[PDB]
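To begin, one chain is listed below as structure tokens, in the form deposited without the RNA.
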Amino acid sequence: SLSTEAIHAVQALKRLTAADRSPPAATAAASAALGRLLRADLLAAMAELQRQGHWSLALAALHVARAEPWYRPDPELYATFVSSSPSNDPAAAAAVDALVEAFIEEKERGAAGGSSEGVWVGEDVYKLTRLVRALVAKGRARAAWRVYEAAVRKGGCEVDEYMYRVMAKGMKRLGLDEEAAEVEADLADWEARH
């Protein structure tokens, strides 16, 4: 559902970046074009940029949303940005890795960040696994490890056999053999239990 204000904002963001869609330019443009929008219109503008295939602009829209008072981190939404990013594109890969760092930070330095269960113990494992699946499929091995380590290993997020298999095979396939070995240890630990 595209409103008048969302349509205008999408057109402005495209206009502002017609010559330069690099992160600094897209970042400045996104705050200028989208910074007056209410939640519904901002998310509609983001989704329309996604639909048109303007991935970098849609990501810039996401980052505007992430700073809004109403925002709630959704690893499944992040998973969609990962899966829709262009494969084997260094700039997009860098932007995806940065998005994962931003996700980890927004959780760990968020309101729940202080004691004592931790930010990750109550995390939706299904959605978290979707993000990790997406990262591994996109070849973003370090990013996947970062999420797995922060949430599962360190954040004591109790996870399934499926998460272990995704990660163990993913790390190996992508050449992070030390990380693969860590996951295999975790999987073995799981197996000895069930």
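Counting begins at 1, following the sequence as shown. Take the two forms, superpose them, and find the largest set of C-alpha atoms that agree within 1.5 Å; that set is the rigid core.
This next part talks about the form deposited with the RNA bound, which is not shown.
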{"query": "Exercise: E76 in contact with the RNA in the deposited complex, heavy atom 4.5 Å", "finding": "yes"}
{"query": "Non-hydrogen atom contact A144 with the RNA in the deposited complex at 4.5 angstroms", "finding": "no"}
{"query": "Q52: touches the RNA in the deposited complex, heavy atom cutoff 4.5 angstroms", "finding": "yes"}
{"query": "4.5 angstroms heavy atom contact with the RNA in the deposited complex for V125", "finding": "yes"}
{"query": "Proximity to the RNA in the deposited complex (heavy atom, within 4.5 Å), stretch among 52 to 60, 23 to 31, 37 to 45, 148 to 156", "finding": "52 to 60"}
{"query": "Sequence-ordered list of residues in 156 to 172 near the RNA in the deposited complex, where near means a heavy atom within 4.5 Å", "finding": "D160, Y162, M163, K169"}
{"query": "From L128, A143, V152, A30, residue displaced between the shown form and the other one - CA threshold 2 Å or more, rigid core", "finding": "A30"}
{"query": "Core-superposed comparison between the shown form and the other one, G114 Cα displacement 2 Å or beyond", "finding": "yes"}
{"query": "Flag for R39, CA shift 2 Å or larger between the shown form and the other one after aligning core", "finding": "yes"}
{"query": "CA of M171, rigid core aligned, shift of 2 Å or more between the shown form and the other one", "finding": "no"}
{"query": "Direction of Cα pair change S85-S22 in the deposited complex, magnitude 3 angstroms or more", "finding": "farther"}
{"query": "Cα-Cα shift for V82 and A112, closer or farther in the deposited complex, minimum 3 Å", "finding": "farther"}
